[PDB]
Amino acid sequence: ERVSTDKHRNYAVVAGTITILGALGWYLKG
Amino acid sequence: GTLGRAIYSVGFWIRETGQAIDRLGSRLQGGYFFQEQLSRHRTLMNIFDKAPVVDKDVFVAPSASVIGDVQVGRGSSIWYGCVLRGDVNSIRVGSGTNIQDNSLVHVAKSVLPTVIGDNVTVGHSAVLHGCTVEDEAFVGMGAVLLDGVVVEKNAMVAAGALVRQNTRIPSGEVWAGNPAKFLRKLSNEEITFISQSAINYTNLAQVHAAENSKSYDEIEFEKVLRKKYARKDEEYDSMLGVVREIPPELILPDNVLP
Amino acid sequence: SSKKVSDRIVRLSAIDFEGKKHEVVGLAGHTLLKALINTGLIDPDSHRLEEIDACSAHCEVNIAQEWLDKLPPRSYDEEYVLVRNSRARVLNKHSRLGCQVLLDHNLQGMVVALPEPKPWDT
Amino acid sequence: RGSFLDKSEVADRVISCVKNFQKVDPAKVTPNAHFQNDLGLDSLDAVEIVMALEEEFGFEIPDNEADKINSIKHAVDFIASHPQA
Amino acid sequence: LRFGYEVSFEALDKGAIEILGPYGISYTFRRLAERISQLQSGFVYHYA
Amino acid sequence: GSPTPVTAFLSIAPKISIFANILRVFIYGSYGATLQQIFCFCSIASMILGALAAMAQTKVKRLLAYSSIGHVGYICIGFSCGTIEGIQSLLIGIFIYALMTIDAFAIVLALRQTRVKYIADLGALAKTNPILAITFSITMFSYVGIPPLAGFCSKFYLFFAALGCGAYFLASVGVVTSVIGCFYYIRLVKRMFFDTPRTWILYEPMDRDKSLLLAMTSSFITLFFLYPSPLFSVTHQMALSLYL
Amino acid sequence: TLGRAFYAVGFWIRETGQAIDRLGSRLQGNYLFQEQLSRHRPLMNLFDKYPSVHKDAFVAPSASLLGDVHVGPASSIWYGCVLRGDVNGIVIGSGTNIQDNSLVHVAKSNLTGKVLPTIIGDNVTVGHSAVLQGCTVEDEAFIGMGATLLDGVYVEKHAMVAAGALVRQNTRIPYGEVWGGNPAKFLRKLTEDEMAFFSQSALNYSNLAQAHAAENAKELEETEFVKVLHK
Amino acid sequence: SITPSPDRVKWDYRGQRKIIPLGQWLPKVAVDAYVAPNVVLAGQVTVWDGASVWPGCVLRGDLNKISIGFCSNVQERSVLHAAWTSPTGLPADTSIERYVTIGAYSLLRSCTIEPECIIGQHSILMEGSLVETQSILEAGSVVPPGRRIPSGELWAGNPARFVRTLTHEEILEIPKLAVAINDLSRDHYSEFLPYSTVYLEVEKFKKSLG
Ligand SMILES: [Fe+3]
Ligand SMILES: [Zn+2]
C-alpha cells in the first residue's frame with residue numbers, strides 16, 4: 001500500500017543514487 | 001520489499017519538498033494567479049426536482065450541458081458545448097436526431113415547450129428558443145429560431161437564418177434570409193441527403209461516444225499503441241519476418257470512413 | 001455576377017501509367033500539378049513547392065500534340081529540367097512540367113498521361 | 001522522343017481498319033460516321049470493330065471506353081489521346 | 001545634357017561597365033557552372 | 001543517395017583520419033616537392049570545380065558535398081605547402097571544417113523532419129523559424145569565410161601559410177575561388193531571409209539531442225574569434241611533434 | 001516591470017516545484033500526473049488583471065471570464081459564455097444577465113483604432129447568443145438573441161435590438177426603439193408594456209439564476225467520481 | 001420507450017478533453033501555437049506554428065482534415081467542421097492558410113481560405129467555399145455553398161455580395177492584424193505551465209473518499 005512494486009525501476013533508482021554519490025565522492029577527492 | 005518501502009519514503013519526501021517549492025512560487029506570484037481546480041462542470045444536471053431522461057444509446061458530449069427536463073431518445077447525439085437547459089419548461093428530443101456542437105436548444109415560458117422530432121439535424125451553433133421541429137427536418141448552422149416557430153416534416157431552414165415568432169416552415173420547403181424568405185423546394189435528392197446525413201451523424205456519434213467514454217487506463221494504452229504504430233518500417237520488418245498489423249483499438253469503424 | 005467557383009472549375013482527364021482513366025478537377029489559374037495532387041494520382045510530398053527550381057520532373061505529364069497548341073510553349077528552364085531528369089537524356093516532345101501548365105477553360109477537357117512514378121525520398 | 005501517335009496517322013489507320021470489313025463499303029465510311037446507322041452494322045459488328053482497332057493499336061481498351069467508341073471520330077480521338085497506342 | 005544619359009549612363013554605366021561587369025560575369029558564370037554540372041552525368045562508367 | 005546520417009558521418013569523420021594518415025605517410029615518410037606539387041594541382045582543381053559545380057546545384061545535400069570538396073581543396077593547399085605553418089594550418093582547417101560540417105548537418109537533420117530536399121524548400125525560414133534561419137545563415141557565412149566566424153580563421157591562416165609558402169599562384173587561385181564560391185551560400189541566405197514565396201514549407205521543431213549540439217557548435221563558431229589561442233597552440237604543437 | 005519580473009520568477013519556481021513533485025510521484029510509482037485533465041478555469045487572469053465577480057452573482061462553470069471583467073451584484077453569466085477583457089476592461093452592472101452560449105469581448109489590438117472597453121448596465125438582458133464586441137449598453141435594455149454588436153454601438157435605456165440584428169460600428173439605438181436586420185435599422189417603437197416586460201424578465205431571470213446557482217453549489221457526487229474512476 | 005442507462009456519467013471530474021484522437025487520427029498542435037484549454041480539437045485537426053485558437057471554439061475534423069496555418073487566428077466560440085466531398089467537386093477538407101483572421105462566431109465547413117484573409121464574426125462559410133488571397137468579409141456575411149470570394153475584395157451581407165475593391169494600404173494591414181492577434185495569443189500563452197496541478201486535486205478527492 002506504500003511500496004513501489006517495480007523491481008526494475010527500483011534498481012534504476014538505486015543505480016542513480018549510487019551514481020550521484022560516486023560522482024560527489026570523485027569531485028570531493030579530486 | 002524493504003527497498004521498495006525506502007524508495008517510496010524517499011519519493012514521499014521529494015514530493016513534499018516539490019509541493020513546498022510550488023507553494024512558495026505561488027506565494028511569490030503575488031496572489032494574482034487563479035489556481036486550477038477540479039472540473040465543477042456537470043454534464044447532466046437535475047434542477048427543480050426534475051431530472052433529464054436520456055437514452056442509453058444517445059451520445060452526450062462531456063462539454064455538452066443538459067439541465068432539467070431534457071428527454072432524449074434512442075440513437076441521438078448532443079455534441080460538444082451544446083446547451084439544453086429545460087428548467088422553466090420541457091425539451092423533448094426524439095430518436096435518430098442530432099444537435100451539433102456549440103448549439104443551444106433553450107426553452108422559455110412555463111406554454112411553449114421545445115420539441116425536436118426524429119432523424120433531424122440541428123447544425124453547428126444553431127439557436128432554438130421554443131421551437132416545434134417535426135421529423136426529418138434540417139436546421140442549418142447558425143440558424144436562430146424564435147418563440148413558437150414550427151418547422152414541418154422535411155423542411156429546411158438555411159444557415160444563418162432568423163425565423164421569427166409563430167412562423168411555420170411548410171413541408172418540402174427551404175427558408176433562408178434574415179426575415180426568412182422562401183428560397184426553394186428541397187428536392188428529392190436533397191431529402192435523401194438529409195436522411196443520409198442523419199444516419200451518418202448517428203454513426204459518427206457512436207464512434208465519438210466510444211472514444212470519449214474511456215477511462216485513464218484505456219486512454220494511456222491507446223496512446224501508447226498509437227505512438228508505437230504511428231510510423232512503420234517495412235525493410236526491417238521483412239528482414240525480421242514480422243508484419244506489425246494495426247491493432248483493432250485504432251481501427252475506426254467503416255460506418256464513418258469514405 | 002454571383003461569383004461562384006463552378007466557372008473557375010476546369011475539368012480534364014488523366015490516364016496514369018497502368019492505363020486507368022481518371023477524372024481530374026482543378027480550378028482555373030491553379031496548375032495541373034495541383035489538380036493532379038488534389039485528385040490523388042501524384043504524391044503530394046514528392047512535389048510541394050510549385051517552382052521550377054524545386055521541380056525535378058516529378059510533375060511531368062505527356063500531353064497530346066493537339067493540346068500542346070493551346071498552352072504556352074516550353075521554356076528553356078522547363079526543357080533543361082526535362083532533359084536532365086529523364087531515363088535517357090532526350091526530350092519527349094510531348095511532355096511538359098505540371099508546374100508551368102496553368103489551367104484554364106481553353107485547356108478544359110484536356111487529356112494528359114502520367115508516366116511511371118519516380119522515387120524522391122533522399 | 002514521342003509518346004503519342006500522330007492524329008493523321010491514327011485517322012488513316014482507323015479508316016483502313018474499318019475498310020477491311022466485308023459488310024461495310026468504302027463509299028459510306030466517313031471520319032464522322034455512326035457505326036450502327038451510317039455504316040449499317042450491328043452490335044456484334046461494333047464490338048468486332050473495337051476489338052480489331054485495339055488489336056491493330058496493340059493496347060487493351062477499357063470496357064466503358066470501348067462502349068463509347070460508337071463512331072470513327074470517337075475512336076480516332078481515343079486512340080490519339082492514349083499513350084499506350 | 002545628352003552626355004548625362006546617352007554616354008555616361010547608357011553607354012558606360014548601363015553599357016560597357018555593366019556588360020563587362022556584373023551582367024556578363026553573371027551570364028558567363030551561369031553557363032560555366034551549368035557546363036561543369038553536366039560532367040556529373042550519374043554514370044559509373046563516366047566516373048571510372 | 002545515402003541516408004542523411006550516413007552522409008553526415010562520411011563528410012565528418014573520414015576526413016581527419018585520412019588526412020592524419022596522409023601527414024604520417026607523406027609529410028614524414030616520403031616528404032618531397034613532387035608530392036606537394038601533386039597536391040597543389042589537386043587543390044587547384046578541388047577549389048575551382050567545387051565552386052563552379054556548387055554554383056549550379058539546387059539540392060542541399062549536393063551543395064554540402066561540393067562545399068566539402070572545396071574545403072578539402074583548402075586542406076590540400078595547407079598540405080601542399082608542407083611546412084610547420086602549413087601543417088598547423090591544415091590541422092586548424094580540419095578542426096574548423098569538422099565543426100562547421102557538424103553544424104550544417106545538424107541543421108539539415110533538423111529540417112529532415114519535413115523532408116527538405118531542395119534549396120527552395122527552406123525558403124521563408126526567417127518567418128517560421130527565425131533563430132534557425134539566423135543559425136543556418138551564420139553557418140553559411142562561416143563556410144564563406146566571413147571574419148567574425150570560425151571558418152575565416154582557418155581561411156586566412158591557410159592563405160598566410162600559402163604566402164609564406166611561395167605559392168602565389170596557389171593563393172591567388174584559392175582566393176579567387178573563395179570569392180566565386182560565396183554566391184551559393186549567399187543564395188541560401190537569400191532563400192531564408194529575402195524571398196517571399198507563394199507557399200511556405202513549415203518545419204517541425206527539433207529534438208534536444210540535436211538542439212544542444214547545434215547550440216554548442218554555433219556558439220563555438222560565432223565566438224571563436226574571441227579566443228583562438230588554444231586551437232592555434234594545439235595545432236602548432238601537433239605540427240612540431242609530427243617530427244620531433 | 002518589477003511585478004512582471006516577480007511573476008516570471010514565480011512561474012519558474014512553480015515549474016521547478018511541480019517537476020520535483022512529478023519526480024517524487026515517479027519514484028512512488030504514481031503516474032496519475034500524466035492523466036490529461038481539463039485545465040479550464042471559470043475565472044482566468046492576466047498578469048495583474050484578475051476578474052472581479054461579486055458574491056451572490058451566478059457564474060456558470062462552463063462560462064469563462066478572461067482578464068478584466070468586473071461583474072456586479074445579483075447578475076448572471078450562463079453556460080458557455082465567454083467574457084474577454086484582456087486588451088481593455090469589461091464593466092458589467094447589477095441585475096444583468098448574460099444568457100447561454102453568449103460572448104462579451106473587447107477588441108484585440110489597436111489596428112482599427114482605440115480599443116473601447118465594454119460597458120453593460122443594470123437590469124439588462126444581453127441576449128441569448130449575442131456576440132457583443134466592445135459596445136455600451138445602458139440600463140434596462142434588451143439585447144436580442146444571436147445579436148451582433150460592433151464597437152461603438154450605444155444602446156440607450158429601454159431600447160431593443162431584436163434577435164439576429166447586426167448593429168454596425170458607431171450606431172446608436174435610441175430610447176424606446178427596436179432595431180433589426182443585418183444592416184441594422186429601426187422597425188417599430190416600443191411600448192410601456194414591453195418595457196415592463198423587459199424589467200420583469202430581467203428580475204425573474206435573475207431569480208432563475210439564483211436557483212441555478214443554488215442547485216449547482218451542491219457537493220460533487222462521490223458516486224459519479226467512483227463510477228468514472230472504476231471502469 | 002427510451003431506456004436510461006444507470007451507468008451514465010453525469011459528472012466526469014474532468015471537463016471535455018482538449019484533444020480527442022479518433023482511431024489512429026491524433027490532432028496535432030504546434031508547440032509555438034496556442035490553443036485555449038476550452039477548445040475541443042477532435043479527429044484530423046492540424047494546427048501549425050503561430051496559430052491562435054481562442055477559448056470556446058471547436059474544431060471537429062473527424063469527417064475530413066482541418067488545417068490552421070501559420071499565424072492564423074480562430075477566435076472565440078467559432079465552429080470548424082468538414083465532410084466527405086463538396087458541391088464544387090474540389091477537395092472538401094477545411095483549409096485555412098497563413099495570416100487569416102477568423103472572427104468569433106464563424107461557422108466554417110469545407111472552406112478553402114487562401115492566405116492573408118480577414119473574416120468577421122457571425123460569418124458562415126458553407127461547403128465548397130473559398131475566400132481568395134487578400135480578401136475581407138465583414139461581420140454577419142454568409143456565403144452559399146460553392147460561392148467564392150474573389151481576391152482583393154470586400155464582401156458583405158447575409159447573401160455574400162461584393163461591396164468595394166480593396167486598396168493596397170488596406171490589403172497590407174491583414175498580416176499586421178494576424179500578427180497582432182498572434183501577439184495577444186502569446187500574451188495569453190504565458191499563463192499556462194506545461195503540466196496542470198489538477199492531479200493534486202483529484203488525489204485529494206481520492207484521499208477524502210478513501
Ligand atoms: Fe513541377
Ligand atoms: Zn432563452
# chains A, B, ... in the order shown; residues from 1 in each chain; ligands from 1
call {"tool": "residues_around", "arguments": {"residues": "residue 30 of chain G", "least_positions_apart": "3", "cutoff": "12 Å", "atoms": "only C-alpha atoms", "output": "JSON, numbers by chain"}}
result
{"A": [1, 2, 3, 4, 5, 6], "B": [8, 11, 12, 15], "G": [21, 22, 23, 24, 25, 26, 27, 33, 34, 35], "H": [199, 200, 203]}
call {"tool": "write_last_selection", "arguments": {"atoms": "N, CA and C atoms", "output": "PDB file, in the first residue's frame"}}
result
ATOM      1  N   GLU A   1       0.825  -1.202   0.000  1.00  0.00           N
ATOM      2  CA  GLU A   1       0.000   0.000   0.000  1.00  0.00           C
ATOM      3  C   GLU A   1       0.863   1.259   0.000  1.00  0.00           C
ATOM      4  N   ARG A   2       2.104   1.123   0.463  1.00  0.00           N
ATOM      5  CA  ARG A   2       3.063   2.223   0.480  1.00  0.00           C
ATOM      6  C   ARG A   2       4.424   1.741   0.003  1.00  0.00           C
ATOM      7  N   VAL A   3       4.434   0.912  -1.038  1.00  0.00           N
ATOM      8  CA  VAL A   3       5.662   0.322  -1.558  1.00  0.00           C
ATOM      9  C   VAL A   3       5.632   0.394  -3.079  1.00  0.00           C
ATOM     10  N   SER A   4       6.786   0.685  -3.675  1.00  0.00           N
ATOM     11  CA  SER A   4       6.920   0.682  -5.126  1.00  0.00           C
ATOM     12  C   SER A   4       7.147  -0.748  -5.600  1.00  0.00           C
ATOM     13  N   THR A   5       6.287  -1.219  -6.499  1.00  0.00           N
ATOM     14  CA  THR A   5       6.270  -2.620  -6.898  1.00  0.00           C
ATOM     15  C   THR A   5       7.098  -2.910  -8.144  1.00  0.00           C
ATOM     16  N   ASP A   6       7.765  -1.911  -8.716  1.00  0.00           N
ATOM     17  CA  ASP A   6       8.565  -2.106  -9.921  1.00  0.00           C
ATOM     18  C   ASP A   6      10.004  -2.398  -9.514  1.00  0.00           C
TER      19      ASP A   6
ATOM     20  N   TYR B   8       9.834   4.434  -1.719  1.00  0.00           N
ATOM     21  CA  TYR B   8       8.563   5.130  -1.547  1.00  0.00           C
ATOM     22  C   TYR B   8       8.687   6.262  -0.536  1.00  0.00           C
ATOM     23  N   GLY B  11      10.569   9.068  -2.189  1.00  0.00           N
ATOM     24  CA  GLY B  11       9.676   9.750  -3.108  1.00  0.00           C
ATOM     25  C   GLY B  11       8.667  10.627  -2.397  1.00  0.00           C
ATOM     26  N   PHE B  12       8.178  10.175  -1.239  1.00  0.00           N
ATOM     27  CA  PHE B  12       7.267  10.998  -0.449  1.00  0.00           C
ATOM     28  C   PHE B  12       7.949  12.273   0.027  1.00  0.00           C
ATOM     29  N   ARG B  15       8.368  14.539  -2.963  1.00  0.00           N
ATOM     30  CA  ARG B  15       7.080  15.099  -3.348  1.00  0.00           C
ATOM     31  C   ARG B  15       6.663  16.222  -2.408  1.00  0.00           C
TER      32      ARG B  15
ATOM     33  N   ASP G  21       7.805  17.496  -7.718  1.00  0.00           N
ATOM     34  CA  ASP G  21       6.649  16.697  -7.323  1.00  0.00           C
ATOM     35  C   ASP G  21       6.445  15.515  -8.261  1.00  0.00           C
ATOM     36  N   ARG G  22       6.588  15.739  -9.567  1.00  0.00           N
ATOM     37  CA  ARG G  22       6.430  14.650 -10.525  1.00  0.00           C
ATOM     38  C   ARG G  22       7.560  13.636 -10.413  1.00  0.00           C
ATOM     39  N   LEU G  23       8.774  14.090 -10.091  1.00  0.00           N
ATOM     40  CA  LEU G  23       9.869  13.158  -9.834  1.00  0.00           C
ATOM     41  C   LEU G  23       9.553  12.271  -8.637  1.00  0.00           C
ATOM     42  N   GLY G  24       9.042  12.871  -7.561  1.00  0.00           N
ATOM     43  CA  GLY G  24       8.641  12.080  -6.408  1.00  0.00           C
ATOM     44  C   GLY G  24       7.518  11.113  -6.729  1.00  0.00           C
ATOM     45  N   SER G  25       6.561  11.553  -7.550  1.00  0.00           N
ATOM     46  CA  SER G  25       5.467  10.678  -7.957  1.00  0.00           C
ATOM     47  C   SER G  25       5.977   9.498  -8.773  1.00  0.00           C
ATOM     48  N   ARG G  26       6.926   9.745  -9.679  1.00  0.00           N
ATOM     49  CA  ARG G  26       7.501   8.655 -10.461  1.00  0.00           C
ATOM     50  C   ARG G  26       8.295   7.704  -9.576  1.00  0.00           C
ATOM     51  N   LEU G  27       8.976   8.237  -8.558  1.00  0.00           N
ATOM     52  CA  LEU G  27       9.655   7.373  -7.597  1.00  0.00           C
ATOM     53  C   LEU G  27       8.657   6.501  -6.847  1.00  0.00           C
ATOM     54  N   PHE G  33      -0.212  11.737 -12.604  1.00  0.00           N
ATOM     55  CA  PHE G  33       0.005  13.105 -13.061  1.00  0.00           C
ATOM     56  C   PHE G  33      -0.035  13.191 -14.581  1.00  0.00           C
ATOM     57  N   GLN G  34       0.271  12.089 -15.268  1.00  0.00           N
ATOM     58  CA  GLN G  34       0.162  12.036 -16.719  1.00  0.00           C
ATOM     59  C   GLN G  34      -1.281  12.068 -17.201  1.00  0.00           C
ATOM     60  N   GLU G  35      -2.247  11.834 -16.316  1.00  0.00           N
ATOM     61  CA  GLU G  35      -3.650  11.879 -16.703  1.00  0.00           C
ATOM     62  C   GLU G  35      -4.015  13.280 -17.167  1.00  0.00           C
TER      63      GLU G  35
ATOM     64  N   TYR H 199      -4.189  17.285 -10.873  1.00  0.00           N
ATOM     65  CA  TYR H 199      -3.973  15.939 -10.353  1.00  0.00           C
ATOM     66  C   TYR H 199      -3.817  15.944  -8.837  1.00  0.00           C
ATOM     67  N   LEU H 200      -3.279  17.025  -8.272  1.00  0.00           N
ATOM     68  CA  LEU H 200      -3.276  17.161  -6.819  1.00  0.00           C
ATOM     69  C   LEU H 200      -4.699  17.196  -6.276  1.00  0.00           C
ATOM     70  N   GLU H 203      -6.179  13.692  -6.461  1.00  0.00           N
ATOM     71  CA  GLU H 203      -5.618  12.859  -5.403  1.00  0.00           C
ATOM     72  C   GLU H 203      -6.210  13.219  -4.046  1.00  0.00           C
TER      73      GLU H 203
END
call {"tool": "residues_around", "arguments": {"residues": "segment 249-258 of chain B", "least_positions_apart": "3", "cutoff": "7 Å", "atoms": "only C-alpha atoms", "output": "list in words"}}
result
residues 200, 203, 204 and 222 of chain B; 23, 24 and 84 of chain H
call {"tool": "write_last_selection", "arguments": {"atoms": "C-alpha atoms", "output": "PDB file, in the first residue's frame"}}
result
ATOM      1  CA  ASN B 200     -24.041   9.158 -40.894  1.00  0.00           C
ATOM      2  CA  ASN B 203     -22.768   6.574 -36.670  1.00  0.00           C
ATOM      3  CA  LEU B 204     -20.275   9.383 -36.021  1.00  0.00           C
ATOM      4  CA  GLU B 222      -4.353   3.539 -26.808  1.00  0.00           C
TER       5      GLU B 222
ATOM      6  CA  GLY H  23      -8.924   5.939 -34.300  1.00  0.00           C
ATOM      7  CA  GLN H  24      -5.368   6.488 -35.492  1.00  0.00           C
ATOM      8  CA  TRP H  84     -16.687  13.995 -47.497  1.00  0.00           C
TER       9      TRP H  84
END
call {"tool": "select_by_dssp", "arguments": {"residues": "segment 4-229 of chain G", "states": "strand (DSSP E or B)", "output": "JSON, numbers by chain"}}
result
{"G": [43, 44, 52, 53, 58, 59, 64, 65, 66, 67, 68, 69, 70, 71, 76, 77, 82, 83, 84, 85, 86, 87, 88, 89, 90, 91, 92, 97, 98, 103, 104, 105, 118, 119, 120, 125, 126, 133, 136, 137, 142, 143, 148, 149, 154, 155, 160, 161, 166, 167, 172, 173, 177, 178, 179, 180, 185, 186, 187, 188, 189]}
call {"tool": "residues_near_ligand", "arguments": {"ligand": "ligand 2", "cutoff": "7 Å", "atoms": "only C-alpha atoms and all ligand atoms", "output": "PyMOL selection string"}}
result
(chain B and resi 106-108+129) or (chain G and resi 99+128)
call {"tool": "atom_distance", "arguments": {"atom1": "atom CA of residue 3 of chain E", "atom2": "atom CA of residue 25 of chain E"}}
result
26.6 Å
call {"tool": "interface_residues", "arguments": {"of": "chain F", "to": "chain E", "cutoff": "10 Å", "atoms": "only C-alpha atoms", "output": "ChimeraX atom specification"}}
result
/F:49-57,180
call {"tool": "residues_near_ligand", "arguments": {"ligand": "ligand 1", "cutoff": "10 Å", "atoms": "only C-alpha atoms and all ligand atoms", "output": "JSON, numbers by chain"}}
result
{"C": [31, 32, 33, 34, 46, 47, 48, 49, 50, 51, 52, 53, 54, 55, 56, 57, 58, 59, 60, 61, 78, 81, 96, 97, 98, 99, 100, 101]}
call {"tool": "write_last_selection", "arguments": {"atoms": "C-alpha atoms", "output": "PDB file, in the first residue's frame"}}
result
ATOM      1  CA  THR C  31      -1.589  24.370 -62.004  1.00  0.00           C
ATOM      2  CA  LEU C  32      -2.100  20.914 -63.471  1.00  0.00           C
ATOM      3  CA  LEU C  33       0.284  19.607 -60.809  1.00  0.00           C
ATOM      4  CA  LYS C  34      -2.006  20.963 -58.089  1.00  0.00           C
ATOM      5  CA  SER C  46       7.039  14.349 -53.746  1.00  0.00           C
ATOM      6  CA  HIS C  47       6.356  17.858 -55.074  1.00  0.00           C
ATOM      7  CA  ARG C  48       5.410  20.603 -52.605  1.00  0.00           C
ATOM      8  CA  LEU C  49       6.780  23.915 -53.906  1.00  0.00           C
ATOM      9  CA  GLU C  50       5.246  24.809 -57.280  1.00  0.00           C
ATOM     10  CA  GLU C  51       8.515  26.232 -58.580  1.00  0.00           C
ATOM     11  CA  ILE C  52      10.822  25.419 -61.475  1.00  0.00           C
ATOM     12  CA  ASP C  53      13.800  25.368 -59.096  1.00  0.00           C
ATOM     13  CA  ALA C  54      12.065  22.861 -56.800  1.00  0.00           C
ATOM     14  CA  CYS C  55      10.749  20.785 -59.726  1.00  0.00           C
ATOM     15  CA  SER C  56      12.750  17.643 -60.538  1.00  0.00           C
ATOM     16  CA  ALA C  57      10.411  16.438 -63.317  1.00  0.00           C
ATOM     17  CA  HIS C  58       8.212  14.696 -60.740  1.00  0.00           C
ATOM     18  CA  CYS C  59       5.285  16.662 -62.215  1.00  0.00           C
ATOM     19  CA  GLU C  60       5.982  15.544 -65.794  1.00  0.00           C
ATOM     20  CA  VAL C  61       2.879  14.757 -67.860  1.00  0.00           C
ATOM     21  CA  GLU C  78      11.490  23.513 -68.390  1.00  0.00           C
ATOM     22  CA  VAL C  81      14.684  20.040 -66.394  1.00  0.00           C
ATOM     23  CA  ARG C  96       5.551  19.324 -70.094  1.00  0.00           C
ATOM     24  CA  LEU C  97       6.080  20.088 -66.421  1.00  0.00           C
ATOM     25  CA  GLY C  98       2.918  20.238 -64.342  1.00  0.00           C
ATOM     26  CA  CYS C  99       4.152  23.370 -62.568  1.00  0.00           C
ATOM     27  CA  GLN C 100       4.053  25.518 -65.716  1.00  0.00           C
ATOM     28  CA  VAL C 101       0.709  24.196 -67.022  1.00  0.00           C
TER      29      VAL C 101
END
call {"tool": "atom_distance", "arguments": {"atom1": "atom CA of residue 248 of chain B", "atom2": "atom CA of residue 6 of chain H"}}
result
27.8 Å
call {"tool": "select_by_dssp", "arguments": {"residues": "chain H", "states": "helix (DSSP H, G or I)", "output": "ChimeraX atom specification"}}
result
/H:168-189,198-209
call {"tool": "interface_residues", "arguments": {"of": "chain C", "to": "chain D", "cutoff": "12 Å", "atoms": "only C-alpha atoms", "output": "PyMOL selection string"}}
result
chain C and resi 13-22+61-68+82-83+86-96+109-115
call {"tool": "residues_around", "arguments": {"residues": "residue 17 of chain D", "least_positions_apart": "4", "cutoff": "10 Å", "atoms": "only C-alpha atoms", "output": "ChimeraX atom specification"}}
result
/D:11-13,21,49-50,52-53,56
call {"tool": "write_last_selection", "arguments": {"atoms": "N, CA, C and O atoms", "output": "compact mmCIF listing (two decimals), in the first residue's frame"}}
result
# COMPACT_ATOMS: atom_id res chain seq x y z
N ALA D 11 -5.92 8.52 -87.70
CA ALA D 11 -7.11 8.56 -88.54
C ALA D 11 -6.98 7.62 -89.73
O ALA D 11 -7.92 6.88 -90.05
N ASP D 12 -5.82 7.63 -90.39
CA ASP D 12 -5.62 6.75 -91.53
C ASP D 12 -5.67 5.29 -91.13
O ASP D 12 -6.28 4.47 -91.83
N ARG D 13 -5.04 4.93 -90.01
CA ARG D 13 -5.05 3.54 -89.56
C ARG D 13 -6.46 3.09 -89.19
O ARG D 13 -6.86 1.97 -89.52
N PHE D 21 -13.63 -4.58 -93.57
CA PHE D 21 -14.80 -5.36 -93.20
C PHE D 21 -15.64 -5.66 -94.44
O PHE D 21 -15.81 -4.80 -95.31
N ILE D 49 -15.36 -4.43 -84.46
CA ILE D 49 -14.60 -3.27 -84.92
C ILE D 49 -13.69 -2.76 -83.82
O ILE D 49 -12.51 -2.46 -84.04
N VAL D 50 -14.23 -2.64 -82.60
CA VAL D 50 -13.43 -2.15 -81.48
C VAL D 50 -12.28 -3.11 -81.19
O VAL D 50 -11.14 -2.69 -80.94
N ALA D 52 -10.83 -5.18 -83.32
CA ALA D 52 -9.85 -5.06 -84.39
C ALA D 52 -9.00 -3.80 -84.23
O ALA D 52 -7.78 -3.84 -84.45
N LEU D 53 -9.62 -2.69 -83.84
CA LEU D 53 -8.87 -1.46 -83.60
C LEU D 53 -7.85 -1.65 -82.48
O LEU D 53 -6.69 -1.24 -82.60
N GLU D 56 -4.99 -3.81 -83.67
CA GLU D 56 -4.08 -3.07 -84.54
C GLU D 56 -3.19 -2.12 -83.74
O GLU D 56 -2.00 -2.00 -84.02
call {"tool": "interface_residues", "arguments": {"of": "chain H", "to": "chain F", "cutoff": "12 Å", "atoms": "only C-alpha atoms", "output": "list in words"}}
result
residues 28, 29, 30, 31, 32, 33, 47, 48, 49, 50, 51, 68, 69, 70, 71, 97, 98, 99, 114, 115, 116, 133 and 179 of chain H
call {"tool": "atom_distance", "arguments": {"atom1": "atom CA of residue 179 of chain F", "atom2": "atom CA of residue 22 of chain F"}}
result
28.4 Å
call {"tool": "interface_residues", "arguments": {"of": "chain C", "to": "chain H", "cutoff": "8 Å", "atoms": "only C-alpha atoms", "output": "ChimeraX atom specification"}}
result
/C:2-6,9,25-26,38
call {"tool": "closest_atom_pairs", "arguments": {"of": "chain G", "to": "chain H", "cutoff": "6 Å", "atoms": "only C-alpha atoms", "output": "tab-separated table"}}
result
residue	atom	partner	partner_atom	distance
G:33	CA	H:199	CA	5.6
G:37	CA	H:14	CA	5.5
G:38	CA	H:15	CA	5.0
G:39	CA	H:37	CA	5.8
G:40	CA	H:37	CA	5.2
G:109	CA	H:180	CA	5.9
G:224	CA	H:11	CA	5.9
call {"tool": "write_last_selection", "arguments": {"atoms": "N, CA and C atoms", "output": "mmCIF file, in the first residue's frame"}}
result
data_model
loop_
_atom_site.group_PDB
_atom_site.id
_atom_site.type_symbol
_atom_site.label_atom_id
_atom_site.label_comp_id
_atom_site.auth_asym_id
_atom_site.auth_seq_id
_atom_site.Cartn_x
_atom_site.Cartn_y
_atom_site.Cartn_z
ATOM 1 N N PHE G 33 -0.212 11.737 -12.604
ATOM 2 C CA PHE G 33 0.005 13.105 -13.061
ATOM 3 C C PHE G 33 -0.035 13.191 -14.581
ATOM 4 N N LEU G 37 -6.129 16.170 -17.709
ATOM 5 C CA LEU G 37 -7.348 16.729 -17.150
ATOM 6 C C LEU G 37 -7.594 18.115 -17.730
ATOM 7 N N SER G 38 -8.859 18.525 -17.717
ATOM 8 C CA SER G 38 -9.213 19.833 -18.246
ATOM 9 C C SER G 38 -8.615 20.929 -17.374
ATOM 10 N N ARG G 39 -7.906 21.860 -18.009
ATOM 11 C CA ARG G 39 -7.284 22.979 -17.319
ATOM 12 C C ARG G 39 -8.125 24.242 -17.390
ATOM 13 N N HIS G 40 -9.364 24.138 -17.864
ATOM 14 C CA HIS G 40 -10.230 25.303 -17.955
ATOM 15 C C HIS G 40 -10.552 25.841 -16.567
ATOM 16 N N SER G 109 -5.988 44.231 -30.263
ATOM 17 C CA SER G 109 -5.075 45.128 -30.966
ATOM 18 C C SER G 109 -5.686 46.502 -31.214
ATOM 19 N N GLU G 224 -20.608 9.404 -8.672
ATOM 20 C CA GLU G 224 -20.176 9.654 -10.043
ATOM 21 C C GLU G 224 -18.660 9.591 -10.164
#
call {"tool": "closest_atom_pairs", "arguments": {"of": "chain B", "to": "chain A", "cutoff": "12 Å", "atoms": "only C-alpha atoms", "output": "JSON lines"}}
result
{"residue": "B:1", "atom": "CA", "partner": "A:3", "partner_atom": "CA", "distance": 7.2}
{"residue": "B:2", "atom": "CA", "partner": "A:3", "partner_atom": "CA", "distance": 8.3}
{"residue": "B:3", "atom": "CA", "partner": "A:10", "partner_atom": "CA", "distance": 7.3}
{"residue": "B:4", "atom": "CA", "partner": "A:4", "partner_atom": "CA", "distance": 4.7}
{"residue": "B:5", "atom": "CA", "partner": "A:3", "partner_atom": "CA", "distance": 4.6}
{"residue": "B:6", "atom": "CA", "partner": "A:3", "partner_atom": "CA", "distance": 8.0}
{"residue": "B:7", "atom": "CA", "partner": "A:4", "partner_atom": "CA", "distance": 7.0}
{"residue": "B:8", "atom": "CA", "partner": "A:3", "partner_atom": "CA", "distance": 5.6}
{"residue": "B:9", "atom": "CA", "partner": "A:2", "partner_atom": "CA", "distance": 8.2}
{"residue": "B:10", "atom": "CA", "partner": "A:13", "partner_atom": "CA", "distance": 10.5}
{"residue": "B:11", "atom": "CA", "partner": "A:4", "partner_atom": "CA", "distance": 9.7}
{"residue": "B:12", "atom": "CA", "partner": "A:2", "partner_atom": "CA", "distance": 9.8}
